[PDB]
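Presented as structure tokens, the chain that follows is alone, the form deposited in one PDB entry.
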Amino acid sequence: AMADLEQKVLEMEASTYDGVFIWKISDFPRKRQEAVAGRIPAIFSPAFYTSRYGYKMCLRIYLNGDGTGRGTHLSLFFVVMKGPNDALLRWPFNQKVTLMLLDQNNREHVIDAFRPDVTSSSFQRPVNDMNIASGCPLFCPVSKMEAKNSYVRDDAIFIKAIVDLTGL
């Protein structure tokens, strides 16, 4: 009970309702090793929404890659979650999604984007807490981030997601 309450508070403090989310991942070195060691392959981010009563979403990242990017790339995915208002929303989810690894020097941000594949189970109205994630298995080479550059600063990185609201 006490745990769930603290969990609810943490999610509320991180929530946004305009389809824009910035995910600060602290203790990067540690989590990065936990991934490389295979103990904790991926991490989910807190949830965010397209509008006050819009779609509920979150991010999922593999600091040491998944699938095609295993061991070589930072794999970043988008997740459609079961929202409290799904009954009022249009399905399947069909909003363009932009993903970025922010350069803390604010010069060369890693950026990629994709439009949902309406036939995929990843974008149908959620039956479970979360649909299967989809995104970019080869989002960023581990050499580019981790190594040095200005992505990792004071043992932390920032991931930004922008869900296009066109049509919403």
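Numbers for residues come from their place in the sequence shown, where the first is 1.
There is another form of this protein, the form solved in complex with a partner chain, and it is not shown here; the text below is about that form.
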How about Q33 - does it come within 4.5 Å of the partner chain in the deposited complex, if we only consider non-hydrogen atoms?
no
Give a yes/no on whether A37 approaches the partner chain to within 4.5 Å in the deposited complex, heavy atoms considered.
no
Against the partner chain in the deposited complex, would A133 count as a contact residue? Criterion: heavy atoms within 4.5 Å.
yes
Is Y62 close to the partner chain in the deposited complex, meaning a heavy atom pair under 4.5 Å apart or at it?
yes
